[PDB]
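Trainee: Protein chains in written order, with the entry's author numbering: chain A5, 2 to 59; chain AR, 4 to 42, 44 to 56; chain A0, 14 to 118; chain AN, 1 to 122; chain AE, 38 to 49, 61 to 87, 93 to 112, 171 to 190, 192 to 274, 291 to 312, 314 to 320.
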Amino acid sequence: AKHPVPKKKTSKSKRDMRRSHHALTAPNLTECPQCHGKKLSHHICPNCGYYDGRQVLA
Amino acid sequence: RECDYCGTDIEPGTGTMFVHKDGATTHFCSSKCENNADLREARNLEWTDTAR
Amino acid sequence: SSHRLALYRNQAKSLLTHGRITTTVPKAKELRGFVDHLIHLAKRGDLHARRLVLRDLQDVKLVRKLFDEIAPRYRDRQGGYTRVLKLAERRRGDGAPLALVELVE
Amino acid sequence: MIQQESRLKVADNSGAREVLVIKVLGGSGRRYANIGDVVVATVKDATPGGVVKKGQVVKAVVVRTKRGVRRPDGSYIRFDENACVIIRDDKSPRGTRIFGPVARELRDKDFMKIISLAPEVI
Amino acid sequence: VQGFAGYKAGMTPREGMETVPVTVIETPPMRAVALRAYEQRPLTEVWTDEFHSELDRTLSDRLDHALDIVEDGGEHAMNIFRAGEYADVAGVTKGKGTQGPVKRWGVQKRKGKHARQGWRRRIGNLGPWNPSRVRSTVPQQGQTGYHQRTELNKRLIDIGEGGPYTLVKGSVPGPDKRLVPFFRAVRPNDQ
RNA sequence: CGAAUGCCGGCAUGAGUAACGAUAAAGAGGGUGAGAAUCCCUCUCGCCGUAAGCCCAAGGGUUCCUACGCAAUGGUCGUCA
RNA sequence: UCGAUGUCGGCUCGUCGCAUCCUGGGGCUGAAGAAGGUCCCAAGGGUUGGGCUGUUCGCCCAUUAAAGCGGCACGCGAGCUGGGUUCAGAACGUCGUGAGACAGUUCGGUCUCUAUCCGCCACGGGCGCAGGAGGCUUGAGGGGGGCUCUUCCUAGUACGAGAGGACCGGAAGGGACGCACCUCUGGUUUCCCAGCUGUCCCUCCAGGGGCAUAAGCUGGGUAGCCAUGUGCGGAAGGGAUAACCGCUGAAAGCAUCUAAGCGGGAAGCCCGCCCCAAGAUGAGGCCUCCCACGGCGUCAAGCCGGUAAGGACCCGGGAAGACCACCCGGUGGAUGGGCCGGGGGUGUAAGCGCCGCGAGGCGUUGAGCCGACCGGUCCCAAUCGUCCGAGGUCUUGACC
Numbered sequence: 002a003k004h005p006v007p008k009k010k011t012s013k014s015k016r017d018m019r020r021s022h023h024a025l026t027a028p029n030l031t032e033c034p035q036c037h038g039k040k041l042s043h044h045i046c047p048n049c050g051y052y053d054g055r056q057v058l059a
Numbered sequence: 004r005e006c007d008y009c010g011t012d013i014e015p016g017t018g019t020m021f022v023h024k025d026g027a028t029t030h031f032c033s034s035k036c037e038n039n040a041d042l044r045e046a047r048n049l050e051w052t053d054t055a056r
Numbered sequence: 014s015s016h017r018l019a020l021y022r023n024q025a026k027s028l029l030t031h032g033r034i035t036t037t038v039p040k041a042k043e044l045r046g047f048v049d050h051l052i053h054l055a056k057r058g059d060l061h062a063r064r065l066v067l068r069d070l071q072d073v074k075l076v077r078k079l080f081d082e083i084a085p086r087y088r089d090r091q092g093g094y095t096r097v098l099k100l101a102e103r104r105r106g107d108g109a110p111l112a113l114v115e116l117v118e
Numbered sequence: 001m002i003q004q005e006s007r008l009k010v011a012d013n014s015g016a017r018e019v020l021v022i023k024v025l026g027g028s029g030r031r032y033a034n035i036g037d038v039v040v041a042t043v044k045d046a047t048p049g050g051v052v053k054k055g056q057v058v059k060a061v062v063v064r065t066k067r068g069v070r071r072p073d074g075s076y077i078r079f080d081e082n083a084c085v086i087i088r089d090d091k092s093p094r095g096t097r098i099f100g101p102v103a104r105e106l107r108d109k110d111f112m113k114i115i116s117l118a119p120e121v122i
Numbered sequence: 038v039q040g041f042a043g044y045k046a047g048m049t061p062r063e064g065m066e067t068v069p070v071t072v073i074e075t076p077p078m079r080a081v082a083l084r085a086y087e093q094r095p096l097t098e099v100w101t102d103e104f105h106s107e108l109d110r111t112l171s172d173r174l175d176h177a178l179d180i181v182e183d184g185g186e187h188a189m190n192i193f194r195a196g197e198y199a200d201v202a203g204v205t206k207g208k209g210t211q212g213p214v215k216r217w218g219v220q221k222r223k224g225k226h227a228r229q230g231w232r233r234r235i236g237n238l239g240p241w242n243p244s245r246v247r248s249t250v251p252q253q254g255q256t257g258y259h260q261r262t263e264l265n266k267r268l269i270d271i272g273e274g291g292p293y294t295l296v297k298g299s300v301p302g303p304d305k306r307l308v309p310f311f312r314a315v316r317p318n319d320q
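1. Grab the span of the beta strand (DSSP E) containing residue 311 (chain AE) for me, first residue to last.
2. Pick from 189 (chain AE), 318 (chain AE) and 200 (chain AE): whose alpha carbon is nearest that of residue 301 (chain AE)?
3. On the DSSP bridge list, what partners appear for residue 23 (chain AR)?
4. Exposed or buried, residue 86 (chain AE), counting other C-beta atoms within 10 Å across all chains shown (16 or more means buried)?
5. Could you name the residues of the same chain whose beta carbon sits closer than 7 angstroms to that of residue 254 (chain AE), not counting the 5 residues immediately before and after it, in chain order?
6. Starting from the beta carbon of residue 159 (chain AN), find every residue of chain AR whose beta carbon is closer than 7 angstroms, and list them in chain order.
7. In the segment 87–101 of chain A0, which residues sit with their C-beta less than 8 angstroms from some C-beta in chain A5, listed in chain order?
8. For residue 80 (chain AE), I'd like the list of residues in its chain whose CB is within less than 6 angstroms of its CB, leaving aside the five on either flank, ordered along the chain.
9. In terms of DSSP beta bridges, what is residue 246 (chain AE) paired with?
10. Taking 8 angstroms as the cut-off, does the segment 48–58 of chain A5 touch the segment 4–15 of chain AR (at least 3 CB pairs, one atom from each stretch)?
11. Below 8 angstroms between beta carbons: does that hold for residue 21 (chain AN) and residue 11 (chain AN)?
12. Tell whether a beta-carbon distance below 8 angstroms holds between residue 204 (chain AE) and residue 44 (chain AE).
13. With DSSP run on the structure shown, which of helix, strand or coil describes residue 116 (chain AN)?
14. Please state whether DSSP places residue 293 (chain AE) in a helix, a strand or coil.
15. Along chain AN, which residues have their Cβ under 8 angstroms away from the Cβ of residue 41 (chain AR)?
16. Alpha carbon to alpha carbon, what distance is there between residue 78 (chain AN) and residue 19 (chain AR)?
17. In the DSSP assignment, what are the bridge partners of residue 92 (chain AN)?
18. Within the 8 angstroms Cβ cut-off, does residue 111 (chain AN) reach chain AR?
19. Does the beta carbon of residue 67 (chain AE) sit closer than 8 angstroms to a beta carbon anywhere in chain AN?
20. Hey, how far is the Cα of residue 40 (chain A5) from the Cα of residue 66 (chain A0)?
21. Which residues in chain AE sit within 8 angstroms of residue 73 (chain AN), going by Cβ to Cβ distance?
22. Using a Cβ-Cβ cut-off of 8 angstroms, state whether residue 46 (chain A5) counts as contacting chain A0.
23. Rounded to whole angstroms, what is the Cα-Cα separation between residue 48 (chain AR) and residue 17 (chain AR)?
24. With 7 angstroms as the C-beta to C-beta threshold (strictly closer), list the residues of the segment 27–51 of chain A5 near chain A0 in chain order.
25. Quick one, are the C-beta atoms of residue 1 (chain AN) and residue 42 (chain AN) less than 8 angstroms apart?
26. What's the C-alpha gap between residue 89 (chain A0) and residue 45 (chain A0)?
27. Bridge partners for residue 112 (chain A0) per DSSP, in chain order?
28. With DSSP collapsed to three states, give me the class of residue 199 (chain AE).
29. Determine, using beta carbons only, whether residue 113 (chain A0) and residue 103 (chain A0) come nearer to each other than 8 angstroms.
30. My guess is that residue 225 (chain AE) and residue 234 (chain AE) are in contact by the Cβ rule of under 8 angstroms, so how many angstroms apart are they, rounded?
31. By alpha-carbon positions, which one of 295 (chain AE), 232 (chain AE) and 193 (chain AE) ends up nearest to residue 212 (chain AE)?
32. Which partner residues of residue 65 (chain AE) appear in the DSSP bridge assignment?
33. For residue 11 (chain AR), go through chain AN and note every residue whose CB falls closer than 8 angstroms to its CB, in chain order.
34. Short of 8 angstroms in beta carbon distance, which residues of its chain neighbour residue 26 (chain AN), apart from the five on each side in sequence? Order them along the chain.
35. Excluding five sequence neighbours on each side, which residues of the same chain lie with their C-beta closer than 8 angstroms to the C-beta of residue 29 (chain AR)?
36. Which residues of the segment 85–112 of chain AN have a Cβ closer than 8 angstroms to any Cβ of chain AR? Give them in chain order.
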């Protein structure tokens with residue numbers, strides 16, 4: 002029942018543009034509180050456990 | 004009145020009025036009161053101003 | 014619906030068992046709203062409140078447990094008996110931001 | 001309200017019993033009978049042919065409707081029913097005496113005859 | 038600022065002689081901001102700070176008496193609007209969103225043998241074969257809720273200051305309370 | 001030999017949009033792992049229940065247990081099969 | 001066009017056009033009035049429910065101002081419809097020895113998920129507008145929206161035999177329609193409250209519990225959303241004109257609106273109302289604020305800290321919402337949830353208490369439990385951190 006399926010090949014080029022608009026952006030991250038390492042902005046880690054409270058492990 | 008009877012009451016410094024053929028009436032209030040009343045027998049009604 | 018409750022249920026429960034838990038962002042936040050108000054009745058303390066909170070979590074051990082157990086610890090505040098804190102990791106395949114929440118202590 | 005075939009009843013001895021709307025009078029567009037308005041429609045069933053008779057072609061004015069009409073008194077009114085009166089073009093009822101109670105409306109929009117005969121008015 | 042403005046209080061109505069509904073509006077005198085004039094070269098808007106204490110958190172009649180209080184030193188109470197006259201008022205929509213041919217625009221859909229049939233809402237058609245392709249016509253699902261809206265003959269009845293507030297005839301202020309509404314009075318017919 | 005809606009075989013398309021095979025649901029705790037929403041124990045809960053029961057046979061035919069182990073099969077995982 | 005363009009009628013969405021049905025402006029009558037009829041000008045808006053018929057069309061019903069003609073493959077099937085004629089049945093009538101057959105008829109008879117492009121509607125991603133900035137407008141251009149009936153004074157006066165019934169001019173009401181909106185009214189209100197049977201767990205009672213859909217059921221129910229409902233609008237008024245009517249006056253020393261000169265006059269055109277809008281590359285205005293960091297070969301208009309001028313990310317929240325972007329908050333907080341006070345909703349709880357063997361009843365109670373609505377207070381959670389982001393191109397001239 003394929004009423005409409007593309008009529009033309011798609012243009013290598015353009016095709017890719019389409020893809021184009023699409024951009025990767027590494028998670029903003031910030032250095033630790035004191036477990037000194039880099040971390041996911043805002044959170045404890047297998048480095049930390051702090052924040053202001055010792056909740057976590059290792 | 005009493006909502007006619009409808010010992011209950013409902014809606015503003017207005018309230019509102021419902022009625023019946025034979026130049027006779029249904030002065031009005033609240034839903035509960037409503038359906039029961041429109042449907044069957046006064047004196048058997050209970051809640052409000054008569055089974056009071 | 015049936016579900017919303019369900020959850021609020023098992024969770025509220027285990028939660029009281031633990032004082033903290035791992036669910037996902039929202040999961041946590043509302044588990045908060047409610048396990049919380051439950052807590053508040055825990056405070057209320059009495060025939061009635063007891064009745065309600067059980068009405069939902071269903072079970073004595075804990076029911077009273079919360080009630081006589083921690084209700085005290087908190088009897089004083091103004092809600093907030095819960096503190097939800099965002100987690101640093103995401104469950105796989107998924108990518109979901111889990112979180113950890115507790116009863117503030 | 002009350003157009004197309006909605007049925008409604010008498011309250012005047014005009015000789016009816018009941019009628020099915022047709023037209024909601026007034027002028028094109030238009031779709032509603034409501035106390036005061038005037039409907040065009042007719043006999044579904046009339047008594048032993050008093051003077052009207054079943055399936056008879058008629059015009060009449062709107063007198064009692066549970067569509068609840070609002071009065072410029074931010075106050076509200078509705079009836080356990082739907083009925084009215086028949087007329088001679090010259091907006092006059094035919095039914096010699098009235099029936100169910102009516103609303104100040106009639107006077108308003110021109111229907112004394114009725115107005116007075118009325119067992120009651122609200 | 039050429040005009041008079043404020044926000045959405047709420048609507049209710062009560063009293064009068066029969067009984068009329070209205071809406072209340074909020075506004076003491078949201079201060080002076082330059083003063084419209086293509087004089093000597095282009096002169097349009099200036100800002101000799103005299104502002105809030107927040108606002109660097111972001112950093171010829173009508174307008175003329177606006178020169179009056181603007182010069183005064185910023186603000187200028189509202190209610192020039194008096195005992196029932198007609199402003200008019202703009203209000204931003206109310207973000208309704210992206211919708212169906214339906215409420216986007218009154219249109220009968222799926223008649224009955226099929227109104228239902230797991231079939232409903234979706235405008236009916238687009239364009240004759242031979243005329244060709246597509247108008248810029250027939251709207252489409254044309255979002256609503258952010259439109260800048262407003263109307264005419266806005267009769268305002270009364271006001272009072274228990291805070292600078294107005295009571296205007298027939299709400300329809302567009303947006304919801306706690307929202308931005310502006311009023312002028315222009316080209317009155319019911320002048 | 002473009003060139004026969006060509007035969008053979010690779011290789012791109014839409015396209016990272018469409019689908020996951022019944023709207024009988026999940027959630028928490030701990031356990032094991034290099035790594036587990038997707039395995040193990042465990043406590044909340046939902047669904048059958050005339051069946052989503054156990055049985056005889058038909059058909060298939062080692063698929064079964066037990067220790068190992070995961071490259072592909074398993075429409076994601078997967079230390080589970 | 002047969003490696004294929006899907007043929008009726010309907011539907012829904014419509015868009016021209018005029019020979020215009022209704023509208024307005026006209027000149028004409030065998031026009032007094034009034035209403036008619038003749039044609040010219042004008043497409044603004046507007047141009048109803050049934051009825052029977054697969055129908056278009058048509059006939060009839062009741063309205064109306066009207067109930068217009070025709071274009072777009074007799075517009076629309078990658079949008080439905082699919083009644084039909086126009087797949088095998090089959091049926092009759094009807095031809096034909098027959099066989100099948102008939103634009104004669106009659107009963108039934110599988111119209112296919114995923115839009116590439118252009119296109120349209122919406123929402124952001126760039127980059128530009130040559131300092132770097134946050135906030136304010138102007139709008140050329142563009143879009144919406146333009147109807148109408150009745151009632152009344154002017155008058156029952158102009159006309160008039162009379163029954164009638166005015167221009168001109170002005171009040172009101174309503175229709176259908178569009179913008180927007182909850183107050184009022186009505187619908188909602190998937191768990192807010194309340195009554196319920198059947199069942200399994202609850203520990204026996206009571207007092208609950210899931211399931212009885214994805215609320216089992218019923219009786220009700222904010223807030224938002226939304227009519228059936230609230231406010232509203234289609235106008236004045238100005239500028240050029242259509243038809244059409246005049247003045248002034250030749251050429252025809254006598255007329256003529258007339259080529260040149262001036263005005264009269266349309267629901268029309270332009271403007272006015274409202275709605276966008278300089279990505280109108282002719283990047284517009286204005287104000288506010290930030291000042292020339294570095295060291296590298298040069299018309300170094302190329303690479304580094306920057307200025308919180310500012311903004312951004314993350315987080316927290318919105319009738320803001322698919323994403324996105326938009327807007328307000330970010331513990332010098334009230335932003336979200338919590339709590340709390342209020343309404344508003346259910347209708348007097350769970351317990352003991354008393355009257356009746358029981359059923360229950362009445363009390364303690366208008367109680368109890370409460371989802372968004374208004375507004376407190378730092379109970380909880382918006383910590384802390386990071387990025388990027390200017391410097392002022394070349395030439396002419398006007399001033400200090």
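Where is the CB? At the ideal position from N, CA and C, for every residue including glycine.
Mentor: Considering the structure as presented:
1. What you label residue 311 (chain AE) is simply residue 183 of the fifth sequence in a count that begins at 1. That run of the beta strand (DSSP E) goes 309–312.
2. Position 173 of the fifth sequence, counted from the start, is the residue given in the question as residue 301 (chain AE). With distances taken between Cα atoms, residue 301 (chain AE) lies closest to 200 (chain AE).
3. Counting from 1 along the second sequence, the entry for residue 23 (chain AR) is found at position 20. Partner(s): 27 (chain AR).
4. Within the fifth sequence, the letter at position 38 stands for residue 86 (chain AE). It is exposed - the Cβ of residue 86 (chain AE) has fewer than 16 other Cβ atoms within 10 Å.
5. The residue given as residue 254 (chain AE) occupies position 142 in the fifth sequence. When the five nearest sequence neighbours on each side are left out, the beta carbons in the same chain lying within less than 7 angstroms of the beta carbon of residue 254 (chain AE) are those of 216, in order along the chain.
6. Here chain AN has residues from 1 to 122 only, and residue 159 (chain AN) is not among them.
7. Contacts with chain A5 (Cβ-Cβ distance below 8 angstroms) from the segment 87–101 of chain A0 involve 98, 99, 100 and 101, listed in chain order.
8. Residue mapping note: residue 80 (chain AE) aligns to position 32 of the fifth sequence, counting from 1. Cβ neighbours of residue 80 (chain AE) beyond the five flanking positions: 181 and 185.
9. Against the fifth sequence, residue 246 (chain AE) aligns to sequence position 134. BP columns for residue 246 (chain AE) are empty, so no partner.
10. Not touching, per the Cβ criterion.
11. If you number the fourth sequence from 1, residue 21 (chain AN) lands on position 21. If you number the fourth sequence from 1, residue 11 (chain AN) lands on position 11. Contact flag unset, no.
12. Translated into the one-based positions of the fifth sequence, residue 204 (chain AE) becomes position 92. Translated into the one-based positions of the fifth sequence, residue 44 (chain AE) becomes position 7. In this structure, residue 44 (chain AE) does not lie closer than 8 angstroms to residue 204 (chain AE) by Cβ.
13. Counted from its first residue, the fourth sequence places residue 116 (chain AN) at position 116. Secondary structure of residue 116 (chain AN) (DSSP, three-state): helix.
14. In the fifth sequence, the residue the question calls residue 293 (chain AE) occupies position 165. In the structure shown, residue 293 (chain AE) falls within a strand segment according to DSSP collapsed to helix, strand and coil.
15. Locating residue 41 (chain AR) in the second sequence gives position 38, counting from the first residue. Here the neighbours are 80.
16. Within the second sequence, residue 19 (chain AR) is the residue found at index 16, counting from 1. Within the fourth sequence, residue 78 (chain AN) is the residue found at index 78, counting from 1. About 9 angstroms.
17. Sequence index remark: in the fourth sequence, residue 92 (chain AN) carries index 92 (1-based). Among the bridge pairs identified by DSSP, residue 92 (chain AN) is matched with 88 (chain AN).
18. The count along the fourth sequence starts at 1 and reaches residue 111 (chain AN) at position 111. The beta carbon of residue 111 (chain AN) sits no closer than 8 angstroms to any beta carbon of chain AR.
19. The sequence position of residue 67 (chain AE) within the fifth sequence is 19, counting from 1. By this cut-off, residue 67 (chain AE) is an interface position.
20. For the purposes of this step, residue 40 (chain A5) is taken as the residue at position 39 of the first sequence. For the purposes of this step, residue 66 (chain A0) is taken as the residue at position 53 of the third sequence. Going by C-alpha positions, residue 40 (chain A5) is about 40 angstroms away from residue 66 (chain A0).
21. The residue given as residue 73 (chain AN) occupies position 73 in the fourth sequence. Those within 8 angstroms of residue 73 (chain AN) in chain AE are 66 and 67.
22. If you number the first sequence from 1, residue 46 (chain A5) lands on position 45. Yes, residue 46 (chain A5) lies at the interface with chain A0 (some Cβ there is under 8 angstroms from its Cβ).
23. Here residue 48 (chain AR) corresponds to residue number 44 of the second sequence, with the count starting at 1. Here residue 17 (chain AR) corresponds to residue number 14 of the second sequence, with the count starting at 1. Each residue's Cα considered, the two are about 28 angstroms apart.
24. In summary, the residues of the segment 27–51 of chain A5 whose CB is separated from some CB of chain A0 by less than 7 angstroms are 41, 43, 44, 45 and 46, in the order they occur in the chain.
25. For this step, residue 1 (chain AN) is matched to residue 1 along the fourth sequence. For this step, residue 42 (chain AN) is matched to residue 42 along the fourth sequence. The answer is no: Cβ separation not under 8 angstroms.
26. As a position in the third sequence, residue 89 (chain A0) is number 76, starting the count at 1. As a position in the third sequence, residue 45 (chain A0) is number 32, starting the count at 1. Straight-line Cα distance between these residues: approximately 18 angstroms.
27. The residue labelled residue 112 (chain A0) in the question sits at position 99 within the third sequence. DSSP output for residue 112 (chain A0) lists 36 (chain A0) and 99 (chain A0) as bridge partner(s).
28. Locating residue 199 (chain AE) in the fifth sequence gives position 87, where the first residue counts as 1. Taken through DSSP and simplified to helix, strand or coil, residue 199 (chain AE) comes out as strand.
29. For this step, residue 113 (chain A0) is matched to residue 100 along the third sequence. For this step, residue 103 (chain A0) is matched to residue 90 along the third sequence. Not a contact, by the Cβ cut-off of 8 angstroms.
30. On the fifth sequence, residue 225 (chain AE) is found 113 positions in, with the first residue counted as 1. On the fifth sequence, residue 234 (chain AE) is found 122 positions in, with the first residue counted as 1. At roughly 17 angstroms, the Cβ-Cβ gap does not stay under 8 angstroms, so residue 225 (chain AE) and residue 234 (chain AE) are not in contact.
31. Here residue 212 (chain AE) corresponds to residue number 100 of the fifth sequence, with the count starting at 1. If you compare the alpha carbons of 295 (chain AE), 232 (chain AE) and 193 (chain AE) with that of residue 212 (chain AE), the shortest gap goes to 232 (chain AE).
32. For the purposes of this step, residue 65 (chain AE) is taken as the residue at position 17 of the fifth sequence. Answer is none; residue 65 (chain AE) lacks a bridge partner.
33. Residue mapping note: residue 11 (chain AR) aligns to position 8 of the second sequence, counting from 1. What residue 11 (chain AR) touches in chain AN: nothing, since even the nearest Cβ is about 17 angstroms away.
34. Taking the first residue of the fourth sequence as position 1, residue 26 (chain AN) is located at position 26. Only 37 and 38 meet the Cβ criterion.
35. Position 26 of the second sequence holds residue 29 (chain AR). Cβ contact annotation for residue 29 (chain AR) (same chain, cutoff 8 angstroms, sequence separation greater than five): 7, 20, 21, 22, 23, 40 and 41, in chain order.
36. Answer in chain order: 99, 100 and 101.
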